[PDB]
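Heads up: the structure comes next, in structure tokens.
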Amino acid sequence: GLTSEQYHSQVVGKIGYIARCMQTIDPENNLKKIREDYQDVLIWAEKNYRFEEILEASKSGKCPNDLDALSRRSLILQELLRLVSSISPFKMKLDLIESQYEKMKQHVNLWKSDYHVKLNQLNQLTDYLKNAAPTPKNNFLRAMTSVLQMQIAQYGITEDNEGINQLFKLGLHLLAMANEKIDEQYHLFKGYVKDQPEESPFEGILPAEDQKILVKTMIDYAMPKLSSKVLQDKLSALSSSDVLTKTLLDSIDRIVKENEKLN
Amino acid sequence: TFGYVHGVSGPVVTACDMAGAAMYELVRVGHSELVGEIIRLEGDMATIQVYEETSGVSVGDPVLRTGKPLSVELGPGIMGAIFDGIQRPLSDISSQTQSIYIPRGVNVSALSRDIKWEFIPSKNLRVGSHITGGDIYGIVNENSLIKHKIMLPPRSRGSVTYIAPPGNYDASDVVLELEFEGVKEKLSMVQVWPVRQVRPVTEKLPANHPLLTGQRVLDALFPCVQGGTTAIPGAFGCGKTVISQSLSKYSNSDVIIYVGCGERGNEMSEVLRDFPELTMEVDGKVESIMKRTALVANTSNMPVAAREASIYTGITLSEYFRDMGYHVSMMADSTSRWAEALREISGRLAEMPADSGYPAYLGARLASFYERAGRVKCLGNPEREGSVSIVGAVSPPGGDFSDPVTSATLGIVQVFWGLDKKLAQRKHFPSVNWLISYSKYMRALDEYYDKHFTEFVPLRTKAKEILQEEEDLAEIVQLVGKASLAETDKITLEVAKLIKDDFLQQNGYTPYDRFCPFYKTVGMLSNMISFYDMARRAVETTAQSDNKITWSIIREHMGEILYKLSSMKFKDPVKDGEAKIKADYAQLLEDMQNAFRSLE
Amino acid sequence: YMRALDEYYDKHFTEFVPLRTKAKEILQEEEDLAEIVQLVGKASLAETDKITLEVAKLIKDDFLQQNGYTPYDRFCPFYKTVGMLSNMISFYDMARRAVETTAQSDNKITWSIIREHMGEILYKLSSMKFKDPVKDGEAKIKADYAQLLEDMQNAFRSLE
Amino acid sequence: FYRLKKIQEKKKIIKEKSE
Amino acid sequence: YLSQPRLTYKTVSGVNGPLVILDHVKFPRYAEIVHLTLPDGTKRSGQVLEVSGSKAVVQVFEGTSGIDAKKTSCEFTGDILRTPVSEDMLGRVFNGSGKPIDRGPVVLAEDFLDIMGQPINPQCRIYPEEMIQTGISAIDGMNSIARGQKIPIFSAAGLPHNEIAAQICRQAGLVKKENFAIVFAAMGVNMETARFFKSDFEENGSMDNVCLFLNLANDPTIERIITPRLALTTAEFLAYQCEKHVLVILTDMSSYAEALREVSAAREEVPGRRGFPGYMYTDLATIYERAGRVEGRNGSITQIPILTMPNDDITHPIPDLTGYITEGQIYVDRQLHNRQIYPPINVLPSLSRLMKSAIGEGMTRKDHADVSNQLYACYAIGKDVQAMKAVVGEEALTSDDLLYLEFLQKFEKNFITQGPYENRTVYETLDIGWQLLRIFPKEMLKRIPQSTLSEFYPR
Amino acid sequence: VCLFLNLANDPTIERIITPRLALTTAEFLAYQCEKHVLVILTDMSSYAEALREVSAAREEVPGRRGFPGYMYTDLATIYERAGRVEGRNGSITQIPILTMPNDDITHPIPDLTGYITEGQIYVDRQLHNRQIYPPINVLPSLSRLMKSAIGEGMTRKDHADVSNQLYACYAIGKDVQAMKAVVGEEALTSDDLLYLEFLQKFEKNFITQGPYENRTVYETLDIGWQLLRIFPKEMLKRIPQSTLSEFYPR
Amino acid sequence: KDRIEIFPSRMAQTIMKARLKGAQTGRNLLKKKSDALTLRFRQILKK
């Protein structure tokens, strides 16, 4: 394995990292249960020891220095911090944070757990959108990812939730789907909205400007297919909507069908 | 400080006034600063094996002592780069010097200092926080496809005294400063690591996860595992191109590293002309795999020390990416030619020639090099797993596996894919021989299959057993002819031909099955083995009856089913989704069940 | 040096170069055929192969073999050497002509017929080596070899 | 090879003995 | 430019075989050229084989006979060996060290190039692509050479590999479906063969294209070492600067490797495998790999090393390493030669790993690859049938096997056999190939696609 | 257990002393603490090549295939630290493991180890490729202390004869296989067919063994008898009548 | 026995390669003779 000095340097580093992750996941000591479980590693950062001092402690065994145990504890905290970061603006209850911490601590091997796999998939969906520019596919992914983040915040990942499983199953497929296949991108997003139990899934989750851009997007795809000016303006009427809704989609479908039957 | 040249006899230069020089340190001999390696010390002199041509060096020439052994410069800018084994950047030499030659004693910085990179510091870190070897103190946005992760060098630790704010920096800028025992250290985005020292890891782990190649014959019958080691006979008509390109384009390796280690001139020209042209889909956009591949490529007239250092430079870059937590795949293109570079250097040193002329330590060097592979829990604080899968090829003399390089390679490595010019001639792509080929990771991967593809393991056993049976049924045919085989073994032969022609054969240029996902592969083999078992049942359960069933009955009664199985290939993952292909294969199973039942 | 000497031959012994080429060809064909003959046996040989073997033996024993201690073969002038080779190669040409012309036909000629038909001719082809320039003149030896060629033509024309 | 290597080493030692 | 005046030393401290040891040398260079005057007025060049402190070991090109301490002078030329290069040397005959031996003038340099050159940047090298036709059907049709390929003509001692080389020199050129140049370089060629080359190229009009370097069997072996490098330096000038496709024909690389052995033993290195130096791979690579096309320059360098394989052993270090570095092999074969076939190129073991780039529409013709494959297949099946004939007898043969035997005969007699002065374009070689393939009805030409059979077969 | 590890990428010259550390601990435990120590030395090939590396750097006189001239003495300095001592209850078994290069038992490592050690258990590719486990190809195996470790009152009294006869029958069976490779099934007499039957049932019953199967010596001898019974007595030429008449029938 | 009992030398290596190729030529010719005899024998059985 590592040399002796390097091993103890790693011990010091991991104590510092656990302290940092704690401070970032709970900058107000809200998570008393977790901070008590991590009390014996958090103390060395609570006090202002220099690296050399904590390193001497590690060499003497005074501070927790089992590297495998430190890795496991740090990882149980790291996945939780990744969850709390991936939900980003969708804050989560202290109680849910605690339940997920407990489940992760229970789990046998996080780096092989479906908890970790789901976090990886959510981070795919988030990393792509961090940079991707606004076009139909990116807007659909951002909408679905905002809804997914909200559901993640509301349920937690440590469960076989059908809704969250479906959101992943569709969002990852949309992400993998080619950019030039605008038709299929639309078909997937609209199918998701149609199947969603909620008639207005994105209300309150997205901002009104993005919802307006989504109505504009659907209308922009539906309009060029038409044939009658009257019916084109009757569709254009729907562009005023502030929220995307399954019934509004159904109206759009009616009118495109009515044009195609005029054809 | 400077030494002075005191003698020159070929590449062996002898330098005076080098009191403090470290053995196996690099030096820059002469006014043209040719590279040389200190292979001996005596008194305050030094013997320097100069890599490049020494013609023109003269007594009294300054010898500038590099402070570090043969080392690779690791940092942003590696990706998409082409390097000589000594880490000389060819794609910058040619551009800067506007010449088709490598200037003798060129001194181009391996990673450009001129280009600005975007650096985002690790949000948690601040002055006073403790930082340890292998920690990620920031991320460099190298590409759309590789978020480079700036790491503390191993053997470096302390308390943060300065971390640069987010912005645009270059390899020359001191991006972080740390303090330990009052001593201070300044760190830019570029570190250095000796190529012959194994980069440390918190914990190596058992190679446990498949290395998908998209080729059915490779992913099903002879798997390699992320962090595993492989061998590939390299020959004229065999087509190692297929494996290299499949790993580059379709493998789950997050990063790819190539090594040429002394190819033929035009043979290397092909690789350098091709790789930029390869493309991969990521997030629904076509991307060039040179956003995730680096090539240590060099030809045979390059310095011998360059050819021998190529394997180590490649594996050190791959270990750098492993430490960042990527799943590197490193392909050496001829370890036989690297071994001849080793034999040449040993001969120049006049060491005792060991088995069949190769040095005394070829086996040890190969063992250590491959051992550097593996799936590891990387060093440092952010918990990570990486890997380096060494798929290095070996070139036997005319198929004779007894020469030291090939024999040691097959003793060290755990997988061997045995590409075959004869199958290529028969028009069987891939040319994997499926009789010489083998994979020792099957026991390790049973764990993964019992979780994700529960039914693949019996199918694997049965398929290999079918093919081995055919290996003897062919000699039976030679002895007594095809009409002389029992119906059960006739079924063996026809299903074995079905597997050969429509499972293990994969035309790599088609859209539908250039890349064959593992669910599709297990489905295909599941249906084919289901047919095999059903035909065996039909014959065996009617051997006790006058209505005994035959292959002729089966074919004439189930030609539609046989055509459907043969056409299972065309099911396109890109358009026919996972669910649709699974349902189609299950419907084929339903039809086959009904057909066998109605025959029964 | 053959490339150089072909000029001297085309000026002095104009017929020698094709004789040399055919002698080398015959020797090589016999080398090839002996490998089969020893591995399997002589039964399968055609008439052309039999004639190649039975002229290659003639060349190897009675042209390319020289007793350096006898008065007659202590030194073989070039007129004698080219005469010998001309006679042997003419025999090869005419035997192959006979068998090739009568192949795929009922009135088939064979080496088994030729040898018995003109055993004397083969004896004299073998005996050519014994002519002695030291007492026999160049004129005598040339005339004798031409007479052997004449006898060969008569024997072949009668066999035909 | 070993014999020649040995001879070469002995010649070097002779150079050191003479110089 | 070097302004400073040259130092001439009378300080010779030893003369040991081919080496002259000078002492009290001021700042010796390694590989510096030396001009040393013997006591009696004669002059001999030398190369500073080694350097140490104030000592310099000069390998005198000619022998050391007549050298002495106390009277031999030794001028140090102050620079490494450099060849003067121009286009003017296209159409000249030189000895091993750049001295003209055609009674012309000394070359008026367009430049002075270091004969060691530098390795071509692998990221600037390009794939060879189009064909160089040699006129010899046996390699144009079946083993074609792409512009930038290095393909050696293996041959045993006694076979006409020199004659084949001369024919390639006299006939080679672009496929012309005029910027072509040739650099012949004979190493260790005996006087009669060197005279053959010189007079043949002079007589057959080809001298306009050919720069011919000759290192006679009894010229200094150091001049043999530096001849291939002079050849290739001129080739690099004519290719990557004058932008004209060069074909470098290095002759008797075995006689070059023997000189390499001599120089190593002079350095007093211990022998490697089979007596050759350990670094022979790097050295032969340095010679061969100065070839191929380069991005941004419309020229190239093709090579055709010619090897005398000792004992006919294809495992011998010279042919083994040459196979490792080069991209094919053309076998001159003793059974064919004895049967008096010329060019005795045995097309079964011969190979050209880059033929697939030199052929096809727009480079030779649509049917080149197919005709090559089919001729190879029918030739091999014919050799098989010829082996079988003597075992089963002629009348036990089937009509198809008789077709194959006839094809074997006419392929060895009309296609392989060419005669030294018959130049066949690749198109003519292909039409001869078709005239042979028409021995078979179309259904037997199974490796030719129907789209080609229907177009070319009739007539 | 007490492990000493010099993995593939740890220093090469350290392998020279690793065996000596292990045997020194074995000697402390066996001759002073009186444990029964079994020593395993994995890849004495990877040791002998460290030896060759150091000896080459020293330019010591080479033996065969470049290995030093004194490799016998050094390998013996390792191996001969075995056996039992008067008055001390402990012992040091040794089971070196070594990779025969190119499977060539004339290679200096296996050859010198054969001259120094008390036998060798030979593990065979021609059986591993058939998936017999353990692939112990007994015919070239050897154990010089079997002759005294077996017999009356230790294991059983047929053991020597059974072992010798199995050797002879196995050898003749291999010869019969090599003969049928030339002359095919037709030319074999019933005795050769008997030997081939023995060879098959020997590699299937006697050698083939479960990786976790623990056969007693008595079970192994009885399985040996099931095979010797394949033959009529007079073909068991290596077993005397007193042995045969007692054990053969049952 | 294992080896032909010629003494190691380059001459011996040349002779052994010649002999190996001779035996392989014998193998090929006799295998073709066997194939002719086998084709004839099969034909004769069918008739």
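How things are named: the first chain in the structure tokens is A, the next is B, and so on; residues count from 1 in each chain; ligands count from 1 in the order shown.
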Determine which residues of segment 82-130 of chain B DSSP labels as strand (DSSP E) from the backbone of this structure, then write them out as a ChimeraX atom specification. /B:82-83,117-121,130
Any idea what's packed within 7 Å of residue 41 of chain A, counting only C-alpha atoms, ignoring anything in its chain fewer than 3 positions away? Could you give it as a PyMOL selection string? chain A and resi 15+38+44+64
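Taking atom CA of residue 134 of chain E and atom CA of residue 356 of chain E as the two end points, the separation is 16.5 Å.
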Need the shell around segment 134-148 of chain A: protein/DNA/RNA residues with any atom at most 7 Å away, counting only C-alpha atoms. Skip same-chain ones fewer than 6 positions apart. Format as number ranges by chain? A: 125, 164, 167, 171, 179, 185, 189, 202, 205-206, 217
Expected file contents, prior selection, N, CA and C atoms, as a compact mmCIF listing (two decimals), in the first residue's frame:
# COMPACT_ATOMS: atom_id res chain seq x y z
N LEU A 125 -27.29 14.65 -16.30
CA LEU A 125 -28.33 15.55 -16.79
C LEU A 125 -28.03 16.99 -16.40
N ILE A 164 -39.66 8.99 -10.35
CA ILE A 164 -38.27 9.38 -10.55
C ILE A 164 -37.58 8.40 -11.50
N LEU A 167 -38.62 9.50 -14.89
CA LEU A 167 -37.94 10.73 -15.30
C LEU A 167 -36.52 10.44 -15.74
N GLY A 171 -35.23 11.08 -19.44
CA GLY A 171 -34.25 12.15 -19.57
C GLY A 171 -32.93 11.66 -20.13
N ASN A 179 -28.97 15.32 -31.70
CA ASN A 179 -29.46 16.69 -31.66
C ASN A 179 -30.28 17.04 -32.90
N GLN A 185 -37.15 14.43 -30.55
CA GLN A 185 -37.03 15.17 -29.29
C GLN A 185 -38.40 15.67 -28.85
N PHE A 189 -40.60 14.56 -25.44
CA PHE A 189 -41.01 15.50 -24.40
C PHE A 189 -42.53 15.55 -24.29
N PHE A 202 -44.91 21.44 -14.82
CA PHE A 202 -43.82 22.38 -14.58
C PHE A 202 -44.25 23.65 -13.87
N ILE A 205 -42.40 24.99 -10.69
CA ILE A 205 -41.06 24.41 -10.70
C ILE A 205 -40.14 25.24 -11.59
N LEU A 206 -40.56 25.50 -12.82
CA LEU A 206 -39.84 26.41 -13.69
C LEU A 206 -40.29 27.85 -13.45
N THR A 217 -42.03 27.27 -27.88
CA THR A 217 -41.36 26.19 -28.58
C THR A 217 -42.37 25.24 -29.22
Could you list, as a short mmCIF file (atom, residue, chain, number, x, y, z; two decimals) with N, CA, C and O atoms, in the first residue's frame, every residue of chain F that has an atom within 10 Å of an atom of chain B, counting only C-alpha atoms?
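As written to disk, part24.cif reads:
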data_model
loop_
_atom_site.label_atom_id
_atom_site.label_comp_id
_atom_site.auth_asym_id
_atom_site.auth_seq_id
_atom_site.Cartn_x
_atom_site.Cartn_y
_atom_site.Cartn_z
N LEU F 7 5.80 -7.79 -4.60
CA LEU F 7 4.93 -7.83 -5.76
C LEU F 7 5.69 -7.45 -7.02
O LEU F 7 6.87 -7.09 -6.99
N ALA F 8 5.00 -7.55 -8.15
CA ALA F 8 5.67 -7.50 -9.44
C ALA F 8 6.46 -6.22 -9.64
O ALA F 8 7.47 -6.25 -10.35
N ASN F 9 6.04 -5.11 -9.05
CA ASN F 9 6.68 -3.83 -9.28
C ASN F 9 7.50 -3.34 -8.10
O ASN F 9 8.03 -2.23 -8.15
N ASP F 10 7.63 -4.13 -7.04
CA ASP F 10 8.56 -3.82 -5.97
C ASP F 10 9.98 -4.09 -6.44
O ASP F 10 10.20 -4.72 -7.47
N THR F 12 13.62 -5.21 -7.56
CA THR F 12 14.05 -6.52 -8.03
C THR F 12 15.10 -7.14 -7.12
O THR F 12 15.06 -8.34 -6.86
N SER F 46 10.99 -15.89 -10.70
CA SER F 46 11.13 -14.46 -10.48
C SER F 46 12.22 -14.17 -9.47
O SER F 46 12.59 -13.01 -9.30
N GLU F 49 15.67 -14.84 -11.72
CA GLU F 49 15.93 -13.74 -12.64
C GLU F 49 16.44 -12.50 -11.91
O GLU F 49 17.22 -11.74 -12.48
N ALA F 50 16.06 -12.29 -10.65
CA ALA F 50 16.75 -11.27 -9.87
C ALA F 50 18.21 -11.63 -9.68
O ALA F 50 19.09 -10.76 -9.73
N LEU F 51 18.47 -12.92 -9.47
CA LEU F 51 19.84 -13.39 -9.35
C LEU F 51 20.61 -13.11 -10.63
O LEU F 51 21.75 -12.62 -10.59
N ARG F 52 20.01 -13.41 -11.78
CA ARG F 52 20.66 -13.15 -13.06
C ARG F 52 20.89 -11.66 -13.25
O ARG F 52 21.92 -11.26 -13.78
N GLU F 53 19.94 -10.83 -12.83
CA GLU F 53 20.11 -9.39 -12.95
C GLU F 53 21.33 -8.91 -12.17
O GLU F 53 22.19 -8.21 -12.72
N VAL F 54 21.42 -9.27 -10.90
CA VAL F 54 22.56 -8.82 -10.10
C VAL F 54 23.86 -9.41 -10.64
O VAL F 54 24.87 -8.71 -10.74
N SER F 55 23.85 -10.70 -10.97
CA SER F 55 25.08 -11.34 -11.42
C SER F 55 25.55 -10.77 -12.74
O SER F 55 26.75 -10.66 -12.98
N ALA F 56 24.62 -10.41 -13.62
CA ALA F 56 25.00 -9.76 -14.86
C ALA F 56 25.57 -8.38 -14.60
O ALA F 56 26.61 -8.02 -15.16
N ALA F 57 24.92 -7.60 -13.74
CA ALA F 57 25.50 -6.30 -13.40
C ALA F 57 26.90 -6.46 -12.84
O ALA F 57 27.74 -5.57 -13.00
N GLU F 59 28.88 -8.97 -13.81
CA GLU F 59 29.66 -9.68 -14.82
C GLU F 59 30.36 -10.90 -14.23
O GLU F 59 31.55 -11.12 -14.44
N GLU F 60 29.61 -11.70 -13.48
CA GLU F 60 30.11 -12.98 -13.03
C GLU F 60 29.99 -14.01 -14.14
O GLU F 60 29.16 -13.88 -15.05
N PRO F 62 28.98 -16.74 -16.49
CA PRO F 62 27.63 -17.26 -16.66
C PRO F 62 27.62 -18.77 -16.83
O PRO F 62 28.56 -19.36 -17.35
N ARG F 64 24.48 -21.82 -17.95
CA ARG F 64 23.58 -21.95 -19.08
C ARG F 64 22.55 -20.83 -19.08
O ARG F 64 22.05 -20.42 -18.03
N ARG F 65 22.23 -20.35 -20.27
CA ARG F 65 21.20 -19.33 -20.47
C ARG F 65 21.44 -18.10 -19.59
O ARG F 65 20.50 -17.50 -19.08
N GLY F 66 22.70 -17.73 -19.42
CA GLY F 66 23.03 -16.47 -18.80
C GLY F 66 22.94 -16.45 -17.29
O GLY F 66 23.42 -15.50 -16.68
N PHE F 67 22.34 -17.47 -16.67
CA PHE F 67 22.24 -17.46 -15.22
C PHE F 67 23.62 -17.60 -14.61
O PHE F 67 24.51 -18.22 -15.20
N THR F 99 7.96 -21.09 -12.14
CA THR F 99 7.47 -21.10 -13.51
C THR F 99 8.58 -21.60 -14.41
O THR F 99 9.59 -20.92 -14.62
N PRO F 101 10.32 -21.75 -17.58
CA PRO F 101 10.20 -20.96 -18.80
C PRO F 101 9.99 -21.84 -20.01
O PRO F 101 10.70 -22.82 -20.22
N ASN F 102 8.99 -21.48 -20.80
CA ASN F 102 8.65 -22.22 -22.02
C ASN F 102 8.31 -23.67 -21.72
O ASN F 102 8.41 -24.53 -22.59
#
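With distances taken over only C-alpha atoms, B:203 is the one residue among B:578, B:572, B:203, B:287 lying closest to chain A.
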Could you list, as a PyMOL selection string, every residue within 12 Å of residue 123 of chain A, counting only C-alpha atoms and ignoring same-chain residues fewer than 6 positions away? chain A and resi 79+82-88+116-117+129-130+145+148-149+168+171-172
Output the contact residues of chain G with respect to chain B at a cut-off of 12 Å, based on only C-alpha atoms, as a VMD selection string. chain G and resid 35 38 42
Next, the residues of the selection above should be written as a CSV table (one decimal), in the first residue's frame with N, CA, C and O atoms.
chain,number,residue,atom,x,y,z
G,35,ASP,N,-5.1,-39.0,-50.7
G,35,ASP,CA,-6.3,-38.4,-51.1
G,35,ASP,C,-6.8,-39.0,-52.5
G,35,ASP,O,-8.0,-39.2,-52.7
G,38,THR,N,-8.0,-42.4,-51.7
G,38,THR,CA,-9.3,-42.3,-50.9
G,38,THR,C,-10.4,-41.9,-51.8
G,38,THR,O,-11.5,-42.5,-51.7
G,42,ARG,N,-13.4,-44.5,-52.5
G,42,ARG,CA,-14.8,-44.1,-52.2
G,42,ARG,C,-15.7,-44.3,-53.5
G,42,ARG,O,-16.8,-44.8,-53.4
